[PDB]
Amino acid sequence: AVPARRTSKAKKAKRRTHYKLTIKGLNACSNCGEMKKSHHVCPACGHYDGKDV
Amino acid sequence: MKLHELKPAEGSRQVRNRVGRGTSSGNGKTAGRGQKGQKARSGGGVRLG
Amino acid sequence: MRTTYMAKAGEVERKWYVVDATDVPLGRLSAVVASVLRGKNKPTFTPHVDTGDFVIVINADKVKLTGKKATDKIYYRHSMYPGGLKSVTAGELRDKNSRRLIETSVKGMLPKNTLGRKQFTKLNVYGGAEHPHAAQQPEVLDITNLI
Amino acid sequence: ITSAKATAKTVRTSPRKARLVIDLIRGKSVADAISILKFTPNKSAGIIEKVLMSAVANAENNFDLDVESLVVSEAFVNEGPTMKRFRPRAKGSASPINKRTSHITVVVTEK
Amino acid sequence: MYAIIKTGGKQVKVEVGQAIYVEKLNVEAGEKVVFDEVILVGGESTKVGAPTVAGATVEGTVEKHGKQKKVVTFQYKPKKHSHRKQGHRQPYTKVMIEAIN
Amino acid sequence: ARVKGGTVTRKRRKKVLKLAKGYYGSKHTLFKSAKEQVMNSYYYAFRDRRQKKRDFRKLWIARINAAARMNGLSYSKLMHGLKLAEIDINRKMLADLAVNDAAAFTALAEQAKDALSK
RNA sequence: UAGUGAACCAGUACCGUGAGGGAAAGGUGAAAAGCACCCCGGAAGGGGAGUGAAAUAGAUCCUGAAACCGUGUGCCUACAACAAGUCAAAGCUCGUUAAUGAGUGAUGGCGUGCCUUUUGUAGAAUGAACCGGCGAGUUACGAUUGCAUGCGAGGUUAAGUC
RNA sequence: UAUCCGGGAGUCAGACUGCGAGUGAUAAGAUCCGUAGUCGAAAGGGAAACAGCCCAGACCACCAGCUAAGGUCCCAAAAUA
RNA sequence: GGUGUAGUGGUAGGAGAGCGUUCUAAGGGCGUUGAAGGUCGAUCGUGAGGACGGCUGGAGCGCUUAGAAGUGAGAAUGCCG
Ligand SMILES: [K+]
Ligand SMILES: [K+]
Ligand SMILES: [K+]
Ligand SMILES: [K+]
Ligand SMILES: [K+]
Ligand SMILES: [K+]
Ligand SMILES: [K+]
Ligand SMILES: [K+]
Ligand SMILES: [K+]
Ligand SMILES: [Mg+2]
Ligand SMILES: [Mg+2]
Ligand SMILES: [Mg+2]
Ligand SMILES: [Mg+2]
Ligand SMILES: [Mg+2]
Ligand SMILES: [Mg+2]
Ligand SMILES: [Mg+2]
Ligand SMILES: [Mg+2]
Ligand SMILES: [Mg+2]
Ligand SMILES: [Mg+2]
Ligand SMILES: [Mg+2]
Ligand SMILES: [Mg+2]
Ligand SMILES: [Mg+2]
Ligand SMILES: [Mg+2]
Ligand SMILES: [Mg+2]
Ligand SMILES: [Mg+2]
Ligand SMILES: [Mg+2]
Ligand SMILES: [Mg+2]
Ligand SMILES: [Mg+2]
Ligand SMILES: [Mg+2]
Ligand SMILES: [Mg+2]
Ligand SMILES: [Mg+2]
Ligand SMILES: [Mg+2]
Ligand SMILES: [Mg+2]
Ligand SMILES: [Mg+2]
Ligand SMILES: [Mg+2]
Ligand SMILES: [Mg+2]
Ligand SMILES: [Zn+2]
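First things first, this report covers the structure right here in the doc.

What counts, and at which threshold
Residues numbered from 1 in each chain as written, not as in the entry; some residues may be left out. Chains lettered and ligands numbered in written order. Part of a larger assembly, values for the part shown. Heavy atoms only, no water. Patch = residues over 30% accessible without salt bridge, like charges linked within 9 Å, V, L, I, M, F, W, Y side chains within 5 Å. Areas by Shrake-Rupley, 256 points an atom, 1.4 Å probe, with all protein chains shown as cover. Salt bridge = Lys/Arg side-chain N within 4 Å of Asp/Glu carboxyl O. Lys, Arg positive; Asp, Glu negative; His and termini not counted. Charge placed at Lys NZ, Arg CZ, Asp CG, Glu CD. Buried < 20%, exposed > 50% of the residue type's maximum accessible area, 1.4 Å probe, protein only. Contact = heavy atoms within 4.5 Å. Buried area = accessible area lost by both parts, 1.4 Å probe. Polar contact = N/O pair within 3.5 Å; in protein donor to acceptor, adjacent residues only side chain to side chain. Helix = DSSP H or I, 4+ residues; strand = E, 2+ residues; numbered from the N terminus. Near = heavy atom within 4 Å. Nonpolar A, V, L, I, M, F, W, Y, C, P; charged D, E, K, R; others polar. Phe/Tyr/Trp six-rings, centres within 6.5 Å; stacked < 30°, edge-to-face > 60°. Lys NZ or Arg CZ within 6 Å of the ring centre and 35° of its normal. Pairing = 2+ DSSP bridges. Axes fitted to C-alpha atoms, helices over the stretch in contact; angles between N-to-C directions.

### A closer look at a negative patch on the surface
Now for step 1: A cluster of acidic residues, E60, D64, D66 and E68 of chain D, forms a negative patch on the protein surface.
Now for step 2: On the basis of relative accessibility, which here comes to 38%, the residue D66 of chain D falls in the partly exposed class.

In structure tokens, the structure reads:
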């Protein structure tokens, strides 16, 4: 099977509506104040839950 | 006469007709040859007589 | 000169009428109602703008069906499933859901477009002689000569 | 004077995939943009971050703008030159391969 | 007060101080013109011409002669390799109404 | 004496494209689609310059009919009466009177009805 | 994309066992004066600072179209069945080769592409993915007719010599 | 308008409708002639849509008017004559 | 030139008259105070098409008369990019 008709710019853009990246779970790190991912170790200060690790 | 004011005698010269140069000219597409057949082919046509 | 008057949406005042369907043939009631809803009865009629007035139909249950239409006029509808055809007689519709009877009749007569559907919303059908729209102060619209 | 721009040209990355990360950061404070790019795992995030950091360096070093005020006013990815490559396929035929490149521009303004 | 007058095979409503565009009139710009066929006169009271109001005339002045925006007639028949293109600018006369009688 | 393509081609195609401004996507961007669409637009434009006259006469007739009904008359009876009374006011002016000068339209209707009675 | 296949290290690269087939590829600026130094970056690449008449002439370098891709937004769009236009039109926005202006456009009327080939094609017949360039009645020698000019019961030279 | 003289053609697949015949089964949107029209090469109005049927032949502009076929309760212009 | 009357759908195709492209001749012009080219604009003509502004561009190009053609592309499962 092959495309009977080429896809127009508008239809192509509509389909890609949901083809987007997302960034979730960022919040300030308690120890150093930098942004970190919740439930992850802070890459900057290497502290999690207020302790160095 | 003056080289910048030349004028040929009326009816002495005519403009060549060019075929296959658009429809509105009257000889576009088929170039006056009609539709298919032997006489419509390049070098087509039968010998005299 | 391009001076023909064109009505605007919202500038035209839409009144409210009450139409009594008692012993009026369904089609003739519907035809007059559709003209009113479209606004054909007012000089300001503008095809691309809604200008008609609201209609309250009362006594829908007593609408008249001439001939044997009560039992032979059949309303079909297909569910779009194979063998999904349903039917109901006009008489049964009048007895049980007369609002549907009048609404289908008038839907057929309004235009099949966005404006037509909007105009259809202005219709209100009630079997029986009392309606909940007294707040709009509707006025009686005799149709004896209009049919 | 109020704005500084940085551009990375002919970067070997898909323009569409790069535009995904660019849309994330557009119209955000420089601090927020840095955080977003640092925690995004997509490849183009690192390249866009280098461009963004280069733009911030321009704003401060060249024009002495206030880093804390800076925000990402404009950011976009433009198609770069495409390197043409071929991949052999079944039955002795090749198919072309487009090795895309991107021009990544980040503009950062005072406010 | 307003009038309805017959002009250029058409009927126009005219109000004093209002310009009107009509089919080209053979009158020079800035010269007085008089429309003698007044099919109606209205205002506070209504006069109905049958077919014309007797002894009613409307006066105007020809501000300008012009040509309306060009209109292109492009006639073609699909699959018949034939088209014809034509242009048109309809002349018009603009008349400011001075007095309605 | 070679005559290379030059710029006439681009000029002609650009004229077509400019004519096609506002169309949907390729119908304004691409010369072939644009030309094909511009030809249809010409067909519709020529046809509609005639249909437009019909539409407005239809509109005036409908408005006159509503006004006549309010004055106790049908459109057809009103026009017949006006012809009997020698009134030449056309449908455009009549519709304008119906919407704007109701009193004038009523006066016209009275004369029409009188002619019908006679 | 012409002109030699070849304006350039071309009968080269490349293809083929071999005979053989056979490309693509010109242009900074007047002058390299071809961006010292500084800044982000491992670099690439940028931003300044400079050269320059000009750097959006920075070596992919004159001009830099269209397809195609993206950023910004003035108008519209989530009850609608749309050959996508045209005709009519509110609202909003804007003010031009100053013209009975421009953009957008709710809503309403009408409306089955272009080409080829056919008795007949919206056609479920053929061709075109799009854009650009290139791409088809010519020339020579004769025949004949029209028109034009010169001469006119005449008209005219061919080869050849200067 | 007809001839006649000369330059230049294209056409030799036609279709349907009405009327008169054959072939066919007094079938076919069949086939083959005769005759008229239309399409072909004809847009517009009507026949829902519908080359060939009915009305009628678009050089153009108009937000003017009268009619043809066909229509006038609503979609949908005009008689709930 | 004016008036009047009539006429002006159209495929194959015939006739006529024009638009635009490159080049030649002559004349008369324009250009670092910005040519060609590109781009935008609400501009003119009955048509092909012609101007005029803004921007870009950086060195050649119009106009009038005549002449000669590799003289006009949207379709060739066309060629090249
Ligand atoms: K011929
Ligand atoms: K330059
Ligand atoms: K846009
Ligand atoms: K529409
Ligand atoms: K096939
Ligand atoms: K002959
Ligand atoms: K026959
Ligand atoms: K220009
Ligand atoms: K092609
Ligand atoms: Mg010649
Ligand atoms: Mg022809
Ligand atoms: Mg063709
Ligand atoms: Mg052919
Ligand atoms: Mg044949
Ligand atoms: Mg032949
Ligand atoms: Mg192999
Ligand atoms: Mg070409
Ligand atoms: Mg008409
Ligand atoms: Mg070569
Ligand atoms: Mg530039
Ligand atoms: Mg360049
Ligand atoms: Mg709904
Ligand atoms: Mg909605
Ligand atoms: Mg066939
Ligand atoms: Mg195909
Ligand atoms: Mg047959
Ligand atoms: Mg044929
Ligand atoms: Mg027809
Ligand atoms: Mg056809
Ligand atoms: Mg009539
Ligand atoms: Mg009606
Ligand atoms: Mg009756
Ligand atoms: Mg005609
Ligand atoms: Mg040139
Ligand atoms: Mg050529
Ligand atoms: Mg092409
Ligand atoms: Zn931390």
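### Some words on the pattern of salt bridges
Working definition: two side chains of opposite charge can pair if their charged atoms are close together.
Now for step 1: Counting across every chain of the model gives 10 salt bridges over all chains.
Now for step 2: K51 of chain A is paired through a salt bridge with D49 of chain A; the nearest N and O atoms lie 3.4 Å apart.
Now for step 3: For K51 of chain A, a relative accessible area of 46% gives the class partly exposed.
Now for step 4: One continuous salt-bridge network, built from bridges that share partners, spans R14, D50 and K122 of chain C.

### A word on the interface of chain F and chain E
Now for step 1: Counting residues at the interface gives 20 residues for chain F, matched by 20 residues for chain E.
Now for step 2: Both faces combined, the contact of chain F with chain E buries some 1,700 Å², and carbon together with sulfur accounts for 61% of it.
Now for step 3: Our count for the contact surface shared by chain F and chain E stands at 0 salt bridges.
Now for step 4: Counting the contacts that link chain F with chain E gives 5 residue pairs in polar contact.
Now for step 5: Elements that contribute at least two residues to the side of chain F that touches chain E include exactly α3 (31-70), α5 (91-100) and α6 (102-117) of chain F.
Now for step 6: The greatest single-element share of the side of chain F that touches chain E, amounting to 6 residues, is contributed by α3 of chain F.

### Considerations on the protein's contact with RNA strand G
Now for step 1: Close contacts around RNA strand G come from 82 residues, with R16 and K29 of chain B, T114 of chain C, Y92 of chain E together with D48 of chain F the closest.
Now for step 2: Sugar and phosphate atoms constitute 82% of the interface atoms of RNA strand G, taking the interface as everything within 4 Å of the protein.
Now for step 3: Residue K8 of chain C places a side-chain N or O atom 3.3 Å away from a sugar or linking oxygen belonging to RNA strand G.
Now for step 4: Here a phosphate oxygen of RNA strand G and a side-chain polar atom of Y76 of chain E are 2.6 Å apart.
Now for step 5: Going through the elements one at a time, α1 (9-16) of chain A, α5 (114-121) of chain C, β1 (3-11), α3 (43-62) and β2 (71-79) of chain D together with α1 (8-19), α2 (26-29) and α3 of chain F are the ones with two or more residues in the surface near RNA strand G.
Now for step 6: The leading source of residues in the surface near RNA strand G is α3 of chain F, at 13 residues.
Now for step 7: Along the lines of polarity and charge, the residues of the surface near RNA strand G split into 25 nonpolar, 24 polar and 33 charged.

### Topic: helix α1 (residues 15-25) of chain D
Think of an α-helix as 3.6 residues a turn; residues three or four steps apart then line up on the same face.
Residue and element names in this part refer to chain D.
Now for step 1: Every buried residue belonging to α1 is among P15, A18, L20, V21, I22, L24 and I25, and all of these are buried.
Now for step 2: Of the surrounding elements, those touching the buried residues of α1 are α2 (30-39), α3, β2 and β5 (102-109).
Now for step 3: Remark: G27 follows α1 within two positions and exhibits a positive phi of approximately 65°.

### Section: the protein's contact with RNA strand H
Now for step 1: The full set close to RNA strand H counts 48 residues, and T4 and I147 of chain C, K80 of chain E together with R69 and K92 of chain F are the nearest of them.
Now for step 2: In RNA strand H, atoms within 4 Å of the protein come 80% from sugar and phosphate.
Now for step 3: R50 of chain F places a side-chain nitrogen or oxygen 2.9 Å from a phosphate oxygen of RNA strand H.
Now for step 4: Of all the secondary-structure elements, those providing two or more residues to the surface near RNA strand H are α1 (26-38) of chain C, β8 (71-77) and β9 (82-88) of chain E together with α3, α4 (75-84) and α5 of chain F.
Now for step 5: For the surface near RNA strand H, the leading source of residues is α3 of chain F, giving 14 residues.
Now for step 6: In the surface near RNA strand H, the residues fall into 13 nonpolar, 15 polar and 20 charged.

### Examining unusual backbone geometry
Now for step 1: Residue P51 of chain E is reached from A50 of chain E by a cis peptide bond, and omega for that bond is 0°.
Now for step 2: Mapped onto the secondary structure, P51 of chain E falls in the loop between β6 (47-48) and β7 (58-67).
Now for step 3: Positive phi outside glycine occurs at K29 of chain B, with the angle close to 60°.
Now for step 4: Of note, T10 of chain D is a non-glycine position whose phi angle comes to about 55°, a positive value.

### A word on the packing of aromatic side chains
Now for step 1: This structure, assessed with the given rule, holds 6 aromatic pairs over all chains.
Now for step 2: Aromatic rings pair up to connect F74 and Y76 of chain E together with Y42 of chain F into one cluster.
Now for step 3: Taking the ring centre of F120 of chain C as reference, the NZ or CZ of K107 of chain C above it sits at 4.7 Å.
Now for step 4: Positioned above the aromatic ring of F46 of chain F, the side-chain terminus of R50 of chain F is 3.7 Å from the ring centre.

### Details of the arrangement of the chains
Now for step 1: Counting contacts across all 6 pairs of chains found in contact, the highest total belongs to chains E and F.
Now for step 2: Contact between chain A and chain C is absent, and the minimum C-alpha spacing across the pair is 25 Å.
Now for step 3: No part of chain B reaches chain F; the closest C-alpha pair between them is 14 Å apart.

### Some thoughts on the sheet that holds β2 of chain D
Residue and element names in this part refer to chain D.
Now for step 1: Reading across the sheet, the 3 strands line up as β1-β5-β2 and stay open at both edges, with antiparallel pairing between neighbours. Each edge of the open sheet carries a strand with a single partner, namely β1 and β2. Adjacent strand axes in the sheet meet at a mean angle of 10° when their direction is disregarded.
Now for step 2: The pairing of β2 with β5 spans 8 bridges and is antiparallel. The partner of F76 across the bridge, within β5, is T105.
Now for step 3: Packing of α3 onto the sheet brings it into contact with β1, β2 and β5, and relative to β1 it is tilted by some 145°.

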